[PDB]
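Protein sequences appear in the order of chains G, C, 1, F, K, X and Z.
Each residue of the first sequence is one higher than the one before, counting from 294 in the entry's author numbering.
Each residue of the second sequence is one higher than the one before, counting from 36 in the entry's author numbering.
Each residue of the third sequence is one higher than the one before, counting from 241 in the entry's author numbering.
Each residue of the fourth sequence is one higher than the one before, counting from 35 in the entry's author numbering.
Each residue of the fifth sequence is one higher than the one before, counting from 28 in the entry's author numbering.
Each residue of the sixth sequence is one higher than the one before, counting from 35 in the entry's author numbering.
Each residue of the seventh sequence is one higher than the one before, counting from 2 in the entry's author numbering.
See structure below.
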Amino acid sequence: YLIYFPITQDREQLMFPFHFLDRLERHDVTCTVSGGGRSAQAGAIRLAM
Amino acid sequence: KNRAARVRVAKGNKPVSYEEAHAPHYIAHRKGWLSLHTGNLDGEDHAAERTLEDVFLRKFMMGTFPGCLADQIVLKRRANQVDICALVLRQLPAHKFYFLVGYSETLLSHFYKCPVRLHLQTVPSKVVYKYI
Amino acid sequence: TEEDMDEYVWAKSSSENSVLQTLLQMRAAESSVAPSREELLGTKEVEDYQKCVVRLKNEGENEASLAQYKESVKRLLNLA
Amino acid sequence: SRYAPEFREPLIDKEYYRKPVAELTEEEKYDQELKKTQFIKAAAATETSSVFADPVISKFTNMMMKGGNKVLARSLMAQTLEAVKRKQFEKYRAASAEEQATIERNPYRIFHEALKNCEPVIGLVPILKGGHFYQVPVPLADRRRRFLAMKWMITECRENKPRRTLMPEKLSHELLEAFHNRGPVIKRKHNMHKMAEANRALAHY
Amino acid sequence: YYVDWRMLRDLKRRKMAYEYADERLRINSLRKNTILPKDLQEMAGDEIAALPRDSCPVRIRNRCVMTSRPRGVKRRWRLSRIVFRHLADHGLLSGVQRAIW
Amino acid sequence: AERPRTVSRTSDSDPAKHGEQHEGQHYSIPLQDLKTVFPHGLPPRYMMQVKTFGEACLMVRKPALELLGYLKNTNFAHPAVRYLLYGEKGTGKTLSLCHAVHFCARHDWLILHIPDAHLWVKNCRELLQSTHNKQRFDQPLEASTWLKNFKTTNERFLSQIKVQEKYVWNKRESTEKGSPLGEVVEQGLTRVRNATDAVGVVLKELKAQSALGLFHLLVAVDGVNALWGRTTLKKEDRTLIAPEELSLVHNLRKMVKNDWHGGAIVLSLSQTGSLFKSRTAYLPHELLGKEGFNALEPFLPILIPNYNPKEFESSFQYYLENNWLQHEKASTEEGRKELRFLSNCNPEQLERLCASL
Amino acid sequence: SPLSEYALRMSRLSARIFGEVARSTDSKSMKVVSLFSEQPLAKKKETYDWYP
RNA sequence: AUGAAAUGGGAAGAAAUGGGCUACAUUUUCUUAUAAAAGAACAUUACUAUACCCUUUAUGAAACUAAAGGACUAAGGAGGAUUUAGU
Ligand SMILES: Nc1ncnc2c1ncn2[C@@H]1O[C@H](COP(=O)(O)OP(=O)(O)OP(=O)(O)O)[C@@H](O)[C@H]1O
Ligand SMILES: [Mg+2]
Ligand SMILES: [Mg+2]
Ligand SMILES: [Mg+2]
Ligand SMILES: [Mg+2]
Ligand SMILES: [Mg+2]
């Protein structure tokens, strides 16, 4: 995710689900996002997670 | 204001049919298409030629059955077959209709080089959807 | 030529020359009499190095395959 | 808007949801039970539970963005904060133990206290009466007072800087110079207040 | 009778371009290359010019088949925007509806 | 807590002492060794950290410990071994290579350190032709800057080593055989036209004389993937140049060959600054290509990974030990866990995130 | 990159098999192949039978 | 003949005005990647011509058209009253 999402705001968007429930570093996620731009793909993953 | 294909309001005494009552934006919603061919489907050719044949076929049927058409005709193309479905008033004698069918079929089959059939449903009088 | 070939062939390649030249310099430093070409390229150390380079060129290059190549170099070059 | 009026703004406060039930005021307690039967808007792309998210700075970033280039605007603000931290670290190391105590090295605290020092209490709304322009003293809301401070900073740096200087180097030099109540932006606030004093009589109009 | 004299001239232009298509193809091929002597290419440039002007296929204009309108035509049906709209708005075109979205 | 803060520093300033016990501990590089061993070659952002913190401290790590081990057991009689540090962006390849340059520098090796080799294949504003071979070109400014730094690092060895041949710089100026190698360096700086030729003499002299046992030679080239790639320099005909045609690139390609002995070659790959390479390319064959890979084999690839849990905590405490992380929530466990996610333990990303904070 | 002899002789062997242009032909001279491989605009049924 | 057809033309502006386009740069310019990052440029032509002029290619029967280079480069330094659009 650091390689796929070189922008911080995209990574922060993936941090929101786990950080909110204090579950950082406790799960292993495998994503497959097709379509849209960088921000739309991070947002789509956030909801899927 | 939009003036296209809208039979405008009179004073409640104008008898409009179902087809005439509905404006263009009701096509594919409340009323269908009078002609059905495959020439406007995606990746299909000969739209220009199918449309020109339709324009003529409608003018031919009006003149061949003058004053005897209750509503617009429906054209149905399947393979090379053409089928004309017309609502016709019961004004003319029965034997006269057999003449115009034999004539109009043979004439249009030798003009467009396809098998053409005429389907006539006779009504006692024009069917009125509403009075506008 | 080598560029045309789609599947790497270690035999008679830039790798074989580079490997043979290194092994010749290694035996010369040892003060041994100049050895034969077949002798140097028949050793097991050179056998393994052939397999690893071929894997990198044909099978694909990745951290796992590069780790295998690292070990072959250590054996071939007598590195601790 | 694509959100029906029944939708509710999302609440992204991590501590609030995890507080013990008894610690919540009954008004707040009521809203939680009500929201269970309501629709909630999806959270914005820049809305997170991060502990490093500052709303004031996030707003300042959007007021610098041009043409939807958020990456560049955030980069400029990130470079600014670093340029302010690095300017205070140099001063701190090159200062005596007594001076070292006063020196502030937190860029987030220099940014907030800078903006606050540039916020004007009163305003001036220009009016036209009888074919002349009579601007009159006005009172400004908490939203209008904050907007003016941020706008005045982003406009001093954008315009009144040398051609080869960059925004992270002009903005850093102004947040710190404002943080000490001596910058040109502070003068803009002083000029606003001094004009309002002059127009005290024209407030009636 | 065609719609107007402008449609008649175009119809003739379309029938004379069909007659001289092979000729203008064979001759023009001699000019669109760099393999033949420039003396031959300059001469083929004059044989093509000597052909009648109505053989030239760039003088054909697409006109509405029913009203002979030069502009506003849709090439898939060969009708002007005004004529196309009359057939479409009455349900007479198979599958054409108004676009609501 | 500050338990990793004790693990965030080590008292062993000398690179030889370092071992596995010292992993994840930051050793301070002496001030004199910064202005002598490292006048160039340190990353630009790292140099900013050295100026603000007032001290250079390099974390001891397993990749750089493996390299120091091979250098200690070097068999000088055997041909030189090429060590290739390959890793993803920001993983620390340049600073791992600088750790080796400190170890060799303290053992009295002769340092031949090319700080960045991409700078020689792009953005050149003066490109002359070479008298030695008219087909090649000469980069006066690129060579002149390197010589001034090479002089500083090896100033001690510039009087002992002496040229073994005669070099005619101009009709009126030549170098007599036997004169100190410093004279060759002095002429290059004095007359910029010969700068690209003085460099070639220096590289040639050191390579030949090293085998005589007088001195050891560390050829430390960072960004070696530039040599066998493409350039963005154009000839008077506005036609792009090739790497070989350039004189500096041509000479260096010889030094990175294993046809000599008496030293070791330490190479590093960097996609940053690379021309015509993807952003996500880090592997040796992707960056070196078919030409570069064949040139350097057999080489020893040393992967530089991301910070491990021990290394990340030590780096986090080092920033806290210098008061860099000034945000109130940075010291907390929720801040630390956040920075671990956003950075992903990448050394460069962690340095960038903490810079703003 | 340049095309070595093996590459070039293979390319000619392929063109000979697939009925493609075998020689080195300029972009200008490739229009002759287009003119004689495509129906001309005036010979297409849409043009000459545009009108009823 | 106010009808039909063929050939050749249907020109310009020390002018005013509406709309659009580009620029006036540092949140910028050039290059590689890609919008990440890096190396250079950065005031007299640095930013900056979708004009003129000069070449080449494309369509055509016809270049008077379009595109791409080349040089040439002038003005422009964010625009008075006033006015447009956007929840
Ligand atoms: N051993 C280390 N000690 C201290 N900081 C380190 C170390 N390794 C990496 N870092 C941090 O990571 C940053 C990047 O390091 P470095 O430049 O060595 O990486 P790299 O992999 O060579 O990068 P690139 O691919 O861009 O060339 C440094 O500026 C520093 O903040
Ligand atoms: Mg035309
Ligand atoms: Mg590096
Ligand atoms: Mg007339
Ligand atoms: Mg960018
Ligand atoms: Mg032409």
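All C-beta atoms, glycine included, are put in the ideal place defined by N, C-alpha and C.
Chain K residues whose Cβ lies nearer than 8 Å to that of residue i
{"i": "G74 (chain C)", "result": "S121"}
Proximal residues to residue i (C-beta, below 6 Å), its chain only, five neighbours per side dropped
{"i": "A82 (chain C)", "result": "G74, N75"}
{"i": "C324 (chain G)", "result": "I338"}
{"i": "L391 (chain X)", "result": "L359, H361, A364"}
{"i": "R127 (chain F)", "result": "none"}
{"i": "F311 (chain G)", "result": "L317"}
{"i": "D77 (chain C)", "result": "none"}
N- and C-terminal bounds of the beta strand (DSSP E) containing residue i
{"i": "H60 (chain X)", "result": "60-62"}
{"i": "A254 (chain X)", "result": "251-256"}
{"i": "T73 (chain C)", "result": "No beta strand (DSSP E) holds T73 (chain C); DSSP gives it neither H nor E."}
{"i": "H166 (chain F)", "result": "166-173"}
Range of the contiguous alpha helix (DSSP H) that encloses residue i
{"i": "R108 (chain F)", "result": "104-127"}
{"i": "residue 4 (chain X)", "result": "Because chain X here runs from 35 to 391, residue 4 (chain X) falls outside it and cannot be looked at."}
{"i": "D142 (chain X)", "result": "Per DSSP, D142 (chain X) belongs to no alpha helix (DSSP H) and is neither H nor E."}
{"i": "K111 (chain C)", "result": "Note, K111 (chain C): premise wrong, no alpha helix (DSSP H); beta strand (DSSP E) at 109-113."}
{"i": "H319 (chain X)", "result": "318-330"}
Proximal residues of chain X, C-beta to C-beta of residue i below 7 Å
{"i": "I296 (chain G)", "result": "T314"}
{"i": "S84 (chain F)", "result": "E372"}
{"i": "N140 (chain F)", "result": "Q360"}
{"i": "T283 (chain 1)", "result": "What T283 (chain 1) touches in chain X: nothing, since even the nearest Cβ is about 14 Å away."}
Candidates the options: closest to residue i by CA position
{"i": "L282 (chain X)", "options": "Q59 (chain X), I148 (chain X), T230 (chain X), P49 (chain X)", "result": "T230 (chain X)"}
{"i": "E40 (chain F)", "options": "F73 (chain F), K63 (chain F), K53 (chain F), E49 (chain F)", "result": "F73 (chain F)"}
{"i": "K48 (chain F)", "options": "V159 (chain F), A87 (chain F), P173 (chain F)", "result": "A87 (chain F)"}
{"i": "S38 (chain Z)", "options": "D73 (chain K), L52 (chain K), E74 (chain K), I75 (chain K)", "result": "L52 (chain K)"}
{"i": "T26 (chain Z)", "options": "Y47 (chain K), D49 (chain K), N60 (chain K)", "result": "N60 (chain K)"}
{"i": "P173 (chain F)", "options": "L182 (chain F), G165 (chain F), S206 (chain F), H166 (chain F)", "result": "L182 (chain F)"}
{"i": "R159 (chain X)", "options": "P149 (chain X), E176 (chain X), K291 (chain X), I145 (chain X)", "result": "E176 (chain X)"}
{"i": "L267 (chain X)", "options": "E57 (chain X), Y61 (chain X), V84 (chain X), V155 (chain X)", "result": "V155 (chain X)"}
{"i": "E50 (chain K)", "options": "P53 (chain Z), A43 (chain Z), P3 (chain Z)", "result": "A43 (chain Z)"}
Within chain K, partners of residue i - CB distance below 7 Å
{"i": "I108 (chain C)", "result": "Ordered by position in chain K, no residue passes the 7 Å Cβ test against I108 (chain C), which lies about 10 Å from the chain."}
Interface residues of chain F facing residue i [CB-CB closer than 7 Å]
{"i": "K363 (chain X)", "result": "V85, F86"}
Within chain X, partners of residue i - CB distance below 8 Å
{"i": "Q308 (chain 1)", "result": "The premise fails here: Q308 (chain 1) is roughly 10 Å from chain X at the closest Cβ pair, so nothing lies under 8 Å."}
Where residue i meets chain G, residues with beta-carbon distance less than 9 Å
{"i": "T80 (chain F)", "result": "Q302, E305, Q306"}
Cβ shell of residue i (< 8 Å), same chain only, five flanking positions each side left out
{"i": "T82 (chain F)", "result": "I46"}
{"i": "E46 (chain K)", "result": "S82"}
Contacts around residue i, its chain only, beta-carbon distance under 7 Å, and the 5 residues preceding and following it disregarded
{"i": "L57 (chain K)", "result": "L63, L67, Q68, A71"}
{"i": "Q113 (chain F)", "result": "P202"}
{"i": "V123 (chain K)", "result": "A115"}
{"i": "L153 (chain X)", "result": "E176"}
Within chain 1, partners of residue i - CB distance below 9 Å
{"i": "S5 (chain Z)", "result": "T241, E243, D244"}
Chain-ordered chain Z contacts of residue i [CB-CB under 9 Å]
{"i": "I87 (chain K)", "result": "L42, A43, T48, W51"}
Within chain G, the residues that residue i reaches when beta carbons sit closer than 8 Å
{"i": "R108 (chain F)", "result": "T301, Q302"}
heavy atom of ligand 7 below 8 Å from residue i C-beta
{"i": "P77 (chain X)", "result": "Of the ligands this structure carries, namely ligand 1, ligand 2, ligand 3, ligand 4, ligand 5 and ligand 6, none is ligand 7."}
Interface partners of residue i on chain C, CB under 7 Å
{"i": "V92 (chain K)", "result": "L87"}
Practice item. Anything in the stretch 98-118 of chain X with a Cβ closer than 8 Å to a Cβ of chain F? List those residues in chain order, please. Key: none
Point to revise | Residues of the stretch 307-334 of chain G whose Cβ lies closer than 9 Å to any Cβ of chain X, in chain order | key: The stretch 307-334 of chain G vs chain X, Cβ under 9 Å: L307, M308, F311, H312, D315, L317, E318.
**Study point:** Residues of the stretch 168-188 of chain F whose Cβ lies closer than 8 Å to any Cβ of chain G, in chain order
**Key:** none
Practice item. Using a Cβ-Cβ cut-off of less than 7 Å, list which residues of the stretch 41-64 of chain X approach chain 1; keep chain order. Key: Hits within the stretch: zero.
Exercise for review: Output, in sequence order along the chain, the residues in the stretch 291-314 of chain X whose CB is closer than 8 Å to any CB in chain 1.
Suggested key: So the list reads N292, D293, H295, given in the order they occur along the chain.
Practice item. Could you name the residues of the stretch 221-255 of chain X whose beta carbon sits closer than 9 Å to any beta carbon of chain 1, in the order they occur along the chain? Key: none
Check your understanding: Using a Cβ cut-off of 7 Å, which residues of the stretch 74-98 of chain X contact any Cβ in chain G, in chain order?
Key -> none
Review point. Which residues, in order along the stretch 92-117 of chain F, keep a beta-carbon less than 8 Å from a beta-carbon of chain G?
Key: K104, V105, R108
Practice item. Can you give me, in chain order, the residues of the stretch 89-102 of chain C that have a beta carbon less than 9 Å from any beta carbon in chain K? Key: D89, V90, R93
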